[PDB]
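Only one structure is covered here, and it is reproduced in the block below.
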Amino acid sequence: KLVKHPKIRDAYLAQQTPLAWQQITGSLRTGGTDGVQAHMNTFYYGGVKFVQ
Amino acid sequence: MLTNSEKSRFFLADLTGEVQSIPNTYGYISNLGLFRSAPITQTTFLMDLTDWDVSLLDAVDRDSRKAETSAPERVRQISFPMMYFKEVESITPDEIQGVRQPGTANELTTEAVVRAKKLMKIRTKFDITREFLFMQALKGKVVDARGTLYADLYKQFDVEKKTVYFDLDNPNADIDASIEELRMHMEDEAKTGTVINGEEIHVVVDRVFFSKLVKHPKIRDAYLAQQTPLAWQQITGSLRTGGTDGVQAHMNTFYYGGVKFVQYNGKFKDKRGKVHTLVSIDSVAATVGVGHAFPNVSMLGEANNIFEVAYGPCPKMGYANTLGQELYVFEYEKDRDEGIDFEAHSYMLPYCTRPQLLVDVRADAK
Amino acid sequence: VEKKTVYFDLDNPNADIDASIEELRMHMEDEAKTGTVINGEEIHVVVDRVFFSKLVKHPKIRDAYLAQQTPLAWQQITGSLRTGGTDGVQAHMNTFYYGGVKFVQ
Amino acid sequence: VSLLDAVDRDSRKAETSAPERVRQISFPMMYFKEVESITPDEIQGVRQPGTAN
Amino acid sequence: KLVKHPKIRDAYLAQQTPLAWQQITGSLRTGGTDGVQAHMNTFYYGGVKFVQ
Amino acid sequence: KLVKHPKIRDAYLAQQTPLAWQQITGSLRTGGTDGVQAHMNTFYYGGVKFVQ
Amino acid sequence: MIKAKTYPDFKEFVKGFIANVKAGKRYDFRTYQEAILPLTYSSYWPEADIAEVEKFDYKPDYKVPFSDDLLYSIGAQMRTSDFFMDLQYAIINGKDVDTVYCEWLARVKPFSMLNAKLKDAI
């Protein structure tokens with residue numbers, strides 16, 4: 001639900017930097033292993049980072 | 001070179017040769033190299049399955065001095081049959097007695113040309129059958145074109161199948177949710193005991209699914225708003241940048257969410273007359289988009305290969321317990337120089353060891 | 001054999017040009033029956049002046065290129081399209097690129 | 001061509017394929033011709049367009 | 001209210017400088033310290049500097 | 001009249017190039033000398049060069 | 001007053017706009033177009049609140065509609081606010097709208113290739 005919100009989607013679409021392209025159309029799986037999967041979904045907004 | 005005219009035997013006209021039409025063959029999966037070759041010397045083979053599980057631990061009072069214990073593991077065994085294919089062909093003198101060669105004026109046919117043509121046809125037929133069988137195995141059930149059921153992996157190994165709905169028709173539907181669902185399924189249902197990266201998977205879809213995915217407003221606007229070569233290439237460039245199947249030099253490809261989508265148009269005709277589309281899913285109208293997803297070879301490495309092909313020996317003398325070969329071809333001479341007859345044999349079965357990793361994709365929603 | 005005609009419907013803003021181009025490519029690749037690997041993007045396309053004018057004005061084609069900050073996009077809109085080979089009269093011929101297909105007037 | 005059907009190993013059945021087809025056609029051709037001639041009176045005392053004498 | 005106004009947001013979103021990206025999707029807590037927190041919110045616009 | 005046309009203006013408005021910046025926001029006086037004026041107005045479009 | 005983010009799609013936003021205009025309401029936002037239009041045609045429309053206007057003292061100098069059955073000649077480019085002003089002016093003059101051609105349009109502001117198909121009201 002967090003990623004679908006218009007205020008995030010449109011802000012990152014307007015921004016044009018490698019981070020912006022990766023998060024909107026790239027793969028968000030950049031975190032370290034959790035013991036089962038090689039990577040964990042991660043999202044950056046404001047100063048906080050979210051982990052699933 | 002000159003031949004008789006159209007409406008007179010006393011006048012000549014010039015012949016310029018022939019033009020040939022050859023049917024299409026696809027053989028896409030056969031070239032990926034997913035299926036390893038595992039020849040065997042028997043008509044059947046076995047496997048062993050081992051399972052165990054763990055659960056949380058419950059606290060106990062210190063003075064009671066009671067404890068818990070874990071149940072033992074379960075061992076099981078299975079077996080497989082194999083499919084046999086055969087066909088026959090013959091050459092007789094009446095095929096070369098006075099029969100003109102299509103591309104010439106007064107040159108007669110010979111045994112060598114007919115031999116070569118018929119052998120090439122046999123090889124083409126066997127290649128087509130191999131491709132169809134590989135695709136059927138990838139679907140999860142191995143069934144002959146006639147419809148006979150030979151292997152049912154989801155029952156051989158006690159496990160179910162998963163389907164993912166994309167809902168591409170709905171303008172507001174989100175695709176990243178379905179992609180993440182697929183990734184988590186592949187990462188969780190392996191139970192290989194090691195770290196797994198679900199980002200390594202093939203996703204093969206049909207024409208309608210590809211068009212619906214490409215033309216969805218959410219994908220199109222997102223890729224249109226970005227200034228990067230990938231965005232430029234997909235939106236206004238050519239999407240045909242994949243490998244070569246048996247017909248076309250490039251397969252439609254699309255990139256989104258780190259997943260790579262490929263469009264496969266392969267289809268064959270049964271001798272009953274009906275058409276067997278390779279990417280279709282059983283008992284679903286062709287108007288709905290459909291695809292199949294399966295892991296890459298590197299997702300687990302050669303140490304834990306998942307796809308295999310078995311080859312058995314020929315029934316004829318001198319091959320009682322030999323290792324087995326992909327194709328056998330034999331020739332014999334007819335009685336009192338009457339002609340020649342050929343034979344081609346095959347004996348194989350493709351299978352999968354972890355069928356729960358095969359996921360089907362649909363464009364509709366339920 | 002039966003001839004095939006491909007309709008682009010350039011006067012309808014909602015028309016899908018990509019569908020027509022894909023139809024053309026599929027026809028080329030499937031109806032050859034040559035028994036060899038065939039690339040459907042290696043085709044000449046000769047069009048009339050009216051066809052060129054209608055194609056260039058289509059909202060989809062114009063907007064897609066106007067949204068791109070690449071040298072090709074600038075040249076094809078605010079530049080000159082006479083980059084083709086010599087004609088018997090003209091020193092250059094109109095050329096337009098879209099979807100990997102090259103149109104010549 | 002067409003797909004094959006499964007055959008059991010211990011009964012020795014088989015399958016066969018149909019033959020091919022041939023056909024022929026013809027074409028006429030087109031002919032062109034034109035004529036010209038040169039006569040001395042066309043050159044006798046004719047001034048060259050770009051010069052005086 | 002100020003950081004949310006449509007005009008300010010659109011004006012900063014139409015830019016492509018590092019400052020524009022930071023103020024819209026980054027963390028504004030780049031200010032000095034007070035007695036309770038290390039950094040105070042800060043915003044730049046029209047040459048004036050706002051601190052919460 | 002030519003300069004104001006919506007199509008001519010729009011074509012250059014969205015283009016990131018020094019020529020586009022100069023022709024839309026800069027001065028169009030970049031020609032030669034007519035004997036009365038130091039520079040003459042000029043404009044580029046479609047490969048043609050218009051002069052006043 | 002059209003409240004912010006009241007529609008999920010431009011396709012429904014235009015329907016709401018036409019329905020409101022047929023009720024005698026008038027709108028004019030040429031002077032602050034930048035702060036109303038969202039980024040794309042698939043975002044939530046409108047970005048900010050739009051208030052009615054008391055008067056509609058507006059008349060394009062160029063001919064409007066281009067023809068009986070088309071607001072603008074195919075491929076015409078116009079300022080986004082001007083499109084809404086011109087469609088409103090046409091509707092005021094008895095015309096009715098069938099559909100708005102915005103399927104493949106990419107950019108929303110400051111210029112857009114929007115167009116409309118007109119008919120006669122009853």
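Going through the structure tokens in order, the chains are called A, B, and so on, while each chain numbers its residues from 1 and the ligands are numbered from 1 in the order shown.
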Result of fitting chain F to chain E over every paired C-alpha, as a PDB file with N, CA and C atoms, in the first residue's frame:
```pdb
ATOM      1  N   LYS F   1       1.694  23.403   6.802  1.00  0.00           N
ATOM      2  CA  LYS F   1       0.845  24.016   5.786  1.00  0.00           C
ATOM      3  C   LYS F   1       1.678  24.585   4.647  1.00  0.00           C
ATOM      4  N   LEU F   2       2.789  25.247   4.975  1.00  0.00           N
ATOM      5  CA  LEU F   2       3.606  25.883   3.947  1.00  0.00           C
ATOM      6  C   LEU F   2       4.152  24.854   2.969  1.00  0.00           C
ATOM      7  N   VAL F   3       4.644  23.726   3.483  1.00  0.00           N
ATOM      8  CA  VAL F   3       5.304  22.767   2.604  1.00  0.00           C
ATOM      9  C   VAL F   3       4.327  22.182   1.588  1.00  0.00           C
ATOM     10  N   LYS F   4       3.068  21.972   1.978  1.00  0.00           N
ATOM     11  CA  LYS F   4       2.122  21.280   1.109  1.00  0.00           C
ATOM     12  C   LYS F   4       1.609  22.143  -0.037  1.00  0.00           C
ATOM     13  N   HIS F   5       1.816  23.453   0.006  1.00  0.00           N
ATOM     14  CA  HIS F   5       1.109  24.331  -0.914  1.00  0.00           C
ATOM     15  C   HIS F   5       1.417  23.942  -2.360  1.00  0.00           C
ATOM     16  N   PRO F   6       0.421  23.963  -3.255  1.00  0.00           N
ATOM     17  CA  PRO F   6       0.685  23.525  -4.636  1.00  0.00           C
ATOM     18  C   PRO F   6       1.789  24.305  -5.324  1.00  0.00           C
ATOM     19  N   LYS F   7       1.862  25.618  -5.112  1.00  0.00           N
ATOM     20  CA  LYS F   7       2.864  26.417  -5.809  1.00  0.00           C
ATOM     21  C   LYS F   7       4.268  26.077  -5.330  1.00  0.00           C
ATOM     22  N   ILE F   8       4.458  25.994  -4.011  1.00  0.00           N
ATOM     23  CA  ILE F   8       5.779  25.692  -3.469  1.00  0.00           C
ATOM     24  C   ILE F   8       6.241  24.322  -3.945  1.00  0.00           C
ATOM     25  N   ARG F   9       5.347  23.334  -3.890  1.00  0.00           N
ATOM     26  CA  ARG F   9       5.704  21.986  -4.320  1.00  0.00           C
ATOM     27  C   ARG F   9       6.018  21.951  -5.810  1.00  0.00           C
ATOM     28  N   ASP F  10       5.175  22.591  -6.622  1.00  0.00           N
ATOM     29  CA  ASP F  10       5.344  22.536  -8.069  1.00  0.00           C
ATOM     30  C   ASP F  10       6.626  23.229  -8.507  1.00  0.00           C
ATOM     31  N   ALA F  11       6.982  24.339  -7.859  1.00  0.00           N
ATOM     32  CA  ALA F  11       8.186  25.059  -8.258  1.00  0.00           C
ATOM     33  C   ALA F  11       9.411  24.158  -8.190  1.00  0.00           C
ATOM     34  N   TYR F  12       9.522  23.358  -7.132  1.00  0.00           N
ATOM     35  CA  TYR F  12      10.675  22.489  -6.949  1.00  0.00           C
ATOM     36  C   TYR F  12      10.524  21.133  -7.621  1.00  0.00           C
ATOM     37  N   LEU F  13       9.297  20.702  -7.923  1.00  0.00           N
ATOM     38  CA  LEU F  13       9.108  19.355  -8.447  1.00  0.00           C
ATOM     39  C   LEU F  13       9.808  19.170  -9.787  1.00  0.00           C
ATOM     40  N   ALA F  14       9.746  20.176 -10.654  1.00  0.00           N
ATOM     41  CA  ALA F  14      10.269  20.069 -12.011  1.00  0.00           C
ATOM     42  C   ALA F  14      11.721  20.511 -12.136  1.00  0.00           C
ATOM     43  N   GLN F  15      12.379  20.861 -11.034  1.00  0.00           N
ATOM     44  CA  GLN F  15      13.734  21.395 -11.076  1.00  0.00           C
ATOM     45  C   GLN F  15      14.744  20.280 -10.844  1.00  0.00           C
ATOM     46  N   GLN F  16      15.739  20.190 -11.726  1.00  0.00           N
ATOM     47  CA  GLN F  16      16.787  19.173 -11.626  1.00  0.00           C
ATOM     48  C   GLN F  16      17.994  19.794 -10.937  1.00  0.00           C
ATOM     49  N   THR F  17      18.033  19.677  -9.612  1.00  0.00           N
ATOM     50  CA  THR F  17      19.127  20.218  -8.818  1.00  0.00           C
ATOM     51  C   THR F  17      19.203  19.430  -7.523  1.00  0.00           C
ATOM     52  N   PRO F  18      20.401  19.225  -6.966  1.00  0.00           N
ATOM     53  CA  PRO F  18      20.477  18.474  -5.703  1.00  0.00           C
ATOM     54  C   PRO F  18      19.609  19.059  -4.606  1.00  0.00           C
ATOM     55  N   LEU F  19      19.481  20.386  -4.548  1.00  0.00           N
ATOM     56  CA  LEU F  19      18.601  20.993  -3.556  1.00  0.00           C
ATOM     57  C   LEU F  19      17.155  20.565  -3.773  1.00  0.00           C
ATOM     58  N   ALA F  20      16.697  20.573  -5.026  1.00  0.00           N
ATOM     59  CA  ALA F  20      15.317  20.193  -5.306  1.00  0.00           C
ATOM     60  C   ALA F  20      15.064  18.736  -4.947  1.00  0.00           C
ATOM     61  N   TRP F  21      16.010  17.853  -5.269  1.00  0.00           N
ATOM     62  CA  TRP F  21      15.850  16.448  -4.915  1.00  0.00           C
ATOM     63  C   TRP F  21      15.756  16.272  -3.406  1.00  0.00           C
ATOM     64  N   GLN F  22      16.626  16.951  -2.659  1.00  0.00           N
ATOM     65  CA  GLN F  22      16.643  16.787  -1.210  1.00  0.00           C
ATOM     66  C   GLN F  22      15.373  17.335  -0.570  1.00  0.00           C
ATOM     67  N   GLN F  23      14.911  18.503  -1.015  1.00  0.00           N
ATOM     68  CA  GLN F  23      13.786  19.147  -0.347  1.00  0.00           C
ATOM     69  C   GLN F  23      12.465  18.457  -0.656  1.00  0.00           C
ATOM     70  N   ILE F  24      12.356  17.803  -1.807  1.00  0.00           N
ATOM     71  CA  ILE F  24      11.105  17.164  -2.205  1.00  0.00           C
ATOM     72  C   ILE F  24      11.063  15.706  -1.771  1.00  0.00           C
ATOM     73  N   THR F  25      12.136  14.958  -2.034  1.00  0.00           N
ATOM     74  CA  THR F  25      12.194  13.542  -1.701  1.00  0.00           C
ATOM     75  C   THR F  25      13.064  13.232  -0.493  1.00  0.00           C
ATOM     76  N   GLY F  26      14.004  14.108  -0.146  1.00  0.00           N
ATOM     77  CA  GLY F  26      14.899  13.880   0.966  1.00  0.00           C
ATOM     78  C   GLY F  26      14.328  14.381   2.279  1.00  0.00           C
ATOM     79  N   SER F  27      15.198  14.420   3.284  1.00  0.00           N
ATOM     80  CA  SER F  27      14.828  14.834   4.628  1.00  0.00           C
ATOM     81  C   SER F  27      15.153  16.308   4.829  1.00  0.00           C
ATOM     82  N   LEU F  28      14.214  17.034   5.428  1.00  0.00           N
ATOM     83  CA  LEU F  28      14.371  18.461   5.674  1.00  0.00           C
ATOM     84  C   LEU F  28      15.117  18.763   6.966  1.00  0.00           C
ATOM     85  N   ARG F  29      15.515  17.744   7.724  1.00  0.00           N
ATOM     86  CA  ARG F  29      16.238  17.944   8.977  1.00  0.00           C
ATOM     87  C   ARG F  29      17.706  18.189   8.656  1.00  0.00           C
ATOM     88  N   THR F  30      18.064  19.465   8.498  1.00  0.00           N
ATOM     89  CA  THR F  30      19.449  19.833   8.232  1.00  0.00           C
ATOM     90  C   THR F  30      19.900  21.049   9.033  1.00  0.00           C
ATOM     91  N   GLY F  31      19.162  21.451  10.063  1.00  0.00           N
ATOM     92  CA  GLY F  31      19.512  22.614  10.847  1.00  0.00           C
ATOM     93  C   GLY F  31      20.484  22.285  11.964  1.00  0.00           C
ATOM     94  N   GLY F  32      20.517  23.176  12.951  1.00  0.00           N
ATOM     95  CA  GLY F  32      21.378  23.021  14.108  1.00  0.00           C
ATOM     96  C   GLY F  32      20.725  22.211  15.206  1.00  0.00           C
ATOM     97  N   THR F  33      21.158  22.461  16.438  1.00  0.00           N
ATOM     98  CA  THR F  33      20.683  21.740  17.610  1.00  0.00           C
ATOM     99  C   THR F  33      19.939  22.691  18.534  1.00  0.00           C
ATOM    100  N   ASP F  34      18.720  22.312  18.916  1.00  0.00           N
ATOM    101  CA  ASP F  34      17.929  23.085  19.863  1.00  0.00           C
ATOM    102  C   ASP F  34      18.094  22.616  21.300  1.00  0.00           C
ATOM    103  N   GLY F  35      18.916  21.598  21.542  1.00  0.00           N
ATOM    104  CA  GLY F  35      19.091  21.044  22.865  1.00  0.00           C
ATOM    105  C   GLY F  35      18.249  19.822  23.153  1.00  0.00           C
ATOM    106  N   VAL F  36      17.232  19.550  22.336  1.00  0.00           N
ATOM    107  CA  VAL F  36      16.382  18.377  22.510  1.00  0.00           C
ATOM    108  C   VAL F  36      16.432  17.527  21.248  1.00  0.00           C
ATOM    109  N   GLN F  37      16.707  18.160  20.111  1.00  0.00           N
ATOM    110  CA  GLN F  37      16.690  17.506  18.814  1.00  0.00           C
ATOM    111  C   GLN F  37      18.062  17.617  18.169  1.00  0.00           C
ATOM    112  N   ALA F  38      18.518  16.517  17.568  1.00  0.00           N
ATOM    113  CA  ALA F  38      19.829  16.516  16.929  1.00  0.00           C
ATOM    114  C   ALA F  38      19.877  17.503  15.771  1.00  0.00           C
ATOM    115  N   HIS F  39      18.806  17.572  14.984  1.00  0.00           N
ATOM    116  CA  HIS F  39      18.725  18.487  13.855  1.00  0.00           C
ATOM    117  C   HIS F  39      17.348  19.133  13.833  1.00  0.00           C
ATOM    118  N   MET F  40      17.270  20.299  13.203  1.00  0.00           N
ATOM    119  CA  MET F  40      16.046  21.086  13.147  1.00  0.00           C
ATOM    120  C   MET F  40      15.575  21.219  11.706  1.00  0.00           C
ATOM    121  N   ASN F  41      14.258  21.189  11.519  1.00  0.00           N
ATOM    122  CA  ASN F  41      13.691  21.323  10.183  1.00  0.00           C
ATOM    123  C   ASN F  41      14.018  22.691   9.600  1.00  0.00           C
ATOM    124  N   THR F  42      14.205  22.733   8.282  1.00  0.00           N
ATOM    125  CA  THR F  42      14.489  23.980   7.591  1.00  0.00           C
ATOM    126  C   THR F  42      14.006  23.868   6.153  1.00  0.00           C
ATOM    127  N   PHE F  43      13.798  25.023   5.526  1.00  0.00           N
ATOM    128  CA  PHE F  43      13.298  25.075   4.160  1.00  0.00           C
ATOM    129  C   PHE F  43      13.772  26.362   3.507  1.00  0.00           C
ATOM    130  N   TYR F  44      14.082  26.283   2.216  1.00  0.00           N
ATOM    131  CA  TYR F  44      14.555  27.422   1.440  1.00  0.00           C
ATOM    132  C   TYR F  44      13.544  27.749   0.351  1.00  0.00           C
ATOM    133  N   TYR F  45      13.202  29.029   0.224  1.00  0.00           N
ATOM    134  CA  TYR F  45      12.359  29.471  -0.879  1.00  0.00           C
ATOM    135  C   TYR F  45      12.383  30.987  -1.005  1.00  0.00           C
ATOM    136  N   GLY F  46      12.636  31.485  -2.213  1.00  0.00           N
ATOM    137  CA  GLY F  46      12.684  32.918  -2.426  1.00  0.00           C
ATOM    138  C   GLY F  46      13.801  33.613  -1.687  1.00  0.00           C
ATOM    139  N   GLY F  47      14.856  32.886  -1.324  1.00  0.00           N
ATOM    140  CA  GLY F  47      15.953  33.450  -0.573  1.00  0.00           C
ATOM    141  C   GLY F  47      15.755  33.471   0.924  1.00  0.00           C
ATOM    142  N   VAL F  48      14.545  33.224   1.405  1.00  0.00           N
ATOM    143  CA  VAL F  48      14.254  33.201   2.833  1.00  0.00           C
ATOM    144  C   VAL F  48      14.469  31.788   3.349  1.00  0.00           C
ATOM    145  N   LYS F  49      14.822  31.680   4.627  1.00  0.00           N
ATOM    146  CA  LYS F  49      15.077  30.398   5.276  1.00  0.00           C
ATOM    147  C   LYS F  49      14.102  30.245   6.434  1.00  0.00           C
ATOM    148  N   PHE F  50      13.159  29.319   6.296  1.00  0.00           N
ATOM    149  CA  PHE F  50      12.185  29.043   7.341  1.00  0.00           C
ATOM    150  C   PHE F  50      12.715  27.956   8.264  1.00  0.00           C
ATOM    151  N   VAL F  51      12.458  28.117   9.559  1.00  0.00           N
ATOM    152  CA  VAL F  51      12.977  27.222  10.585  1.00  0.00           C
ATOM    153  C   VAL F  51      11.854  26.886  11.554  1.00  0.00           C
ATOM    154  N   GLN F  52      11.814  25.633  11.998  1.00  0.00           N
ATOM    155  CA  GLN F  52      10.783  25.148  12.905  1.00  0.00           C
ATOM    156  C   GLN F  52      11.355  25.017  14.309  1.00  0.00           C
TER     157      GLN F  52
END
```
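Summary of the local environment: counting only C-alpha atoms, residues at most 9 Å from region 42-51 of chain G, other than itself and those fewer than 6 positions away along its chain, are residues 6, 9 and 10 of chain A; 171, 172, 217, 218 and 221 of chain B; 6 of chain E; 1, 2, 3, 4, 5, 6, 7, 8, 9, 10, 11, 12, 13, 26, 27, 28, 29, 35 and 36 of chain G.
Separating CA of residue 29 (chain B) from CA of residue 266 (chain B) is a distance of 10.0 Å.
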Can you tell me, as a PDB file with C-alpha atoms, in the first residue's frame, which residues in chain A count as strand (DSSP E or B) by DSSP?
```pdb
ATOM      1  CA  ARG A  29      15.036  -5.963  -3.582  1.00  0.00           C
ATOM      2  CA  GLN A  37      15.787 -14.982   0.586  1.00  0.00           C
ATOM      3  CA  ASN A  41      12.409  -5.374  -0.238  1.00  0.00           C
ATOM      4  CA  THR A  42      13.526  -1.868   0.729  1.00  0.00           C
ATOM      5  CA  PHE A  43      11.985   1.549   0.110  1.00  0.00           C
ATOM      6  CA  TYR A  44      13.400   5.006   0.842  1.00  0.00           C
ATOM      7  CA  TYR A  45      11.282   8.081   1.526  1.00  0.00           C
ATOM      8  CA  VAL A  48      13.390   6.601   6.881  1.00  0.00           C
ATOM      9  CA  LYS A  49      14.000   3.264   5.166  1.00  0.00           C
ATOM     10  CA  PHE A  50      11.268   0.612   5.160  1.00  0.00           C
ATOM     11  CA  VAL A  51      11.966  -3.131   5.224  1.00  0.00           C
TER      12      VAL A  51
END
```
Legend entry - Those of chain A in DSSP helix (DSSP H, G or I), formatted as an NGL selection string: :A and (6-14 or 18-25)
Go ahead and save the picked residues with C-alpha atoms, as an mmCIF file, in the first residue's frame.
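Dumped to out_5.cif:
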```cif
data_model
loop_
_atom_site.group_PDB
_atom_site.id
_atom_site.type_symbol
_atom_site.label_atom_id
_atom_site.label_comp_id
_atom_site.auth_asym_id
_atom_site.auth_seq_id
_atom_site.Cartn_x
_atom_site.Cartn_y
_atom_site.Cartn_z
ATOM 1 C CA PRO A 6 0.094 9.254 -5.315
ATOM 2 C CA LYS A 7 2.264 11.602 -3.245
ATOM 3 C CA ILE A 8 5.154 9.132 -3.490
ATOM 4 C CA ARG A 9 4.524 7.873 -7.021
ATOM 5 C CA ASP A 10 4.291 11.326 -8.605
ATOM 6 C CA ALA A 11 7.145 12.836 -6.584
ATOM 7 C CA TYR A 12 9.546 10.071 -7.590
ATOM 8 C CA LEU A 13 8.290 10.160 -11.183
ATOM 9 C CA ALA A 14 9.021 13.892 -11.312
ATOM 10 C CA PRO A 18 19.272 6.885 -10.499
ATOM 11 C CA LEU A 19 17.444 6.263 -7.218
ATOM 12 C CA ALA A 20 14.153 7.550 -8.628
ATOM 13 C CA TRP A 21 14.287 5.361 -11.740
ATOM 14 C CA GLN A 22 15.246 2.266 -9.750
ATOM 15 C CA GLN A 23 12.463 2.597 -7.176
ATOM 16 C CA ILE A 24 9.600 3.299 -9.600
ATOM 17 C CA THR A 25 10.424 0.956 -12.502
#
```
Closest-contact table, chain C side, partner chain F, 9 Å, counting only C-alpha atoms, as JSON lines:
```
{"residue": "C:66", "atom": "CA", "partner": "F:14", "partner_atom": "CA", "distance": 7.4}
{"residue": "C:67", "atom": "CA", "partner": "F:14", "partner_atom": "CA", "distance": 7.8}
{"residue": "C:68", "atom": "CA", "partner": "F:15", "partner_atom": "CA", "distance": 8.6}
{"residue": "C:69", "atom": "CA", "partner": "F:15", "partner_atom": "CA", "distance": 6.8}
{"residue": "C:74", "atom": "CA", "partner": "F:15", "partner_atom": "CA", "distance": 7.1}
{"residue": "C:75", "atom": "CA", "partner": "F:46", "partner_atom": "CA", "distance": 8.9}
{"residue": "C:77", "atom": "CA", "partner": "F:11", "partner_atom": "CA", "distance": 7.1}
{"residue": "C:78", "atom": "CA", "partner": "F:46", "partner_atom": "CA", "distance": 5.8}
{"residue": "C:79", "atom": "CA", "partner": "F:46", "partner_atom": "CA", "distance": 4.7}
{"residue": "C:80", "atom": "CA", "partner": "F:46", "partner_atom": "CA", "distance": 4.8}
{"residue": "C:81", "atom": "CA", "partner": "F:46", "partner_atom": "CA", "distance": 8.0}
```
Just to be explicit: take each residue in the selection above, keep N, CA and C atoms, and write the result as a PDB file, in the first residue's frame.
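Ended up saving to selection19.pdb:
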```pdb
ATOM      1  N   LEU C  66       8.280  14.019 -28.734  1.00  0.00           N
ATOM      2  CA  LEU C  66       8.405  15.298 -28.052  1.00  0.00           C
ATOM      3  C   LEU C  66       8.757  15.127 -26.583  1.00  0.00           C
ATOM      4  N   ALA C  67       8.440  13.974 -25.995  1.00  0.00           N
ATOM      5  CA  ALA C  67       8.782  13.726 -24.601  1.00  0.00           C
ATOM      6  C   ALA C  67      10.217  13.250 -24.407  1.00  0.00           C
ATOM      7  N   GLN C  68      10.954  12.981 -25.484  1.00  0.00           N
ATOM      8  CA  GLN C  68      12.299  12.428 -25.386  1.00  0.00           C
ATOM      9  C   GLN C  68      13.346  13.526 -25.507  1.00  0.00           C
ATOM     10  N   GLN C  69      14.289  13.545 -24.565  1.00  0.00           N
ATOM     11  CA  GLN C  69      15.435  14.451 -24.627  1.00  0.00           C
ATOM     12  C   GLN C  69      16.651  13.699 -25.168  1.00  0.00           C
ATOM     13  N   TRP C  74      15.077  15.474 -31.114  1.00  0.00           N
ATOM     14  CA  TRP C  74      15.152  16.874 -31.516  1.00  0.00           C
ATOM     15  C   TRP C  74      15.218  17.009 -33.031  1.00  0.00           C
ATOM     16  N   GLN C  75      16.040  16.185 -33.682  1.00  0.00           N
ATOM     17  CA  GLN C  75      16.224  16.315 -35.122  1.00  0.00           C
ATOM     18  C   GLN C  75      14.928  16.041 -35.873  1.00  0.00           C
ATOM     19  N   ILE C  77      11.855  16.533 -35.054  1.00  0.00           N
ATOM     20  CA  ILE C  77      10.723  17.417 -34.793  1.00  0.00           C
ATOM     21  C   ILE C  77      11.092  18.850 -35.152  1.00  0.00           C
ATOM     22  N   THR C  78      12.093  19.404 -34.473  1.00  0.00           N
ATOM     23  CA  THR C  78      12.511  20.776 -34.721  1.00  0.00           C
ATOM     24  C   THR C  78      13.588  20.891 -35.792  1.00  0.00           C
ATOM     25  N   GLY C  79      14.090  19.777 -36.305  1.00  0.00           N
ATOM     26  CA  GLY C  79      15.097  19.761 -37.345  1.00  0.00           C
ATOM     27  C   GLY C  79      14.506  19.513 -38.715  1.00  0.00           C
ATOM     28  N   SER C  80      15.332  18.979 -39.611  1.00  0.00           N
ATOM     29  CA  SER C  80      14.930  18.661 -40.973  1.00  0.00           C
ATOM     30  C   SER C  80      14.943  17.152 -41.172  1.00  0.00           C
ATOM     31  N   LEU C  81      13.924  16.644 -41.861  1.00  0.00           N
ATOM     32  CA  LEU C  81      13.767  15.212 -42.075  1.00  0.00           C
ATOM     33  C   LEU C  81      14.404  14.726 -43.370  1.00  0.00           C
TER      34      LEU C  81
END
```
Inset, instruction - Compute the set of chain B residues within 8 Å of chain C, using only C-alpha atoms, and express it as a ChimeraX atom specification. - result: /B:20-24,224-225,227,232,235-238,244,246-250
Could you build a table of the residues in chain G lying no more than 10 Å from chain F, giving for each the nearest pair of atoms and their separation in Å rounded to one decimal place, using only C-alpha atoms, ordered by chain and ascending residue number, as a Markdown table?
```
| residue | atom | partner | partner_atom | distance |
| --- | --- | --- | --- | --- |
| G:75 | CA | F:7 | CA | 9.9 |
| G:76 | CA | F:7 | CA | 7.8 |
| G:77 | CA | F:7 | CA | 6.1 |
| G:78 | CA | F:6 | CA | 6.3 |
| G:79 | CA | F:6 | CA | 8.0 |
| G:110 | CA | F:10 | CA | 8.9 |
| G:111 | CA | F:10 | CA | 6.9 |
| G:112 | CA | F:10 | CA | 9.2 |
```
Would you save the residues from that selection as a short mmCIF file (atom, residue, chain, number, x, y, z; two decimals), in the first residue's frame, using N, CA and C atoms?
```cif
data_model
loop_
_atom_site.label_atom_id
_atom_site.label_comp_id
_atom_site.auth_asym_id
_atom_site.auth_seq_id
_atom_site.Cartn_x
_atom_site.Cartn_y
_atom_site.Cartn_z
N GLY G 75 -4.06 16.63 -34.51
CA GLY G 75 -2.67 16.95 -34.29
C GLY G 75 -2.40 18.36 -33.80
N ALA G 76 -3.44 19.16 -33.57
CA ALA G 76 -3.23 20.53 -33.10
C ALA G 76 -2.69 20.54 -31.68
N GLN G 77 -1.80 21.48 -31.40
CA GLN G 77 -1.22 21.66 -30.07
C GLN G 77 -1.72 22.98 -29.50
N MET G 78 -2.15 22.94 -28.24
CA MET G 78 -2.68 24.13 -27.58
C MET G 78 -2.33 24.06 -26.10
N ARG G 79 -2.35 25.22 -25.46
CA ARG G 79 -2.13 25.28 -24.02
C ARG G 79 -3.27 24.56 -23.30
N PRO G 110 2.95 22.06 -20.08
CA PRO G 110 2.02 23.18 -20.26
C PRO G 110 1.28 23.11 -21.59
N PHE G 111 1.72 22.25 -22.50
CA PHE G 111 1.08 22.07 -23.79
C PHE G 111 0.66 20.62 -23.94
N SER G 112 -0.47 20.41 -24.62
CA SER G 112 -1.02 19.07 -24.80
C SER G 112 -1.76 19.01 -26.12
#
```
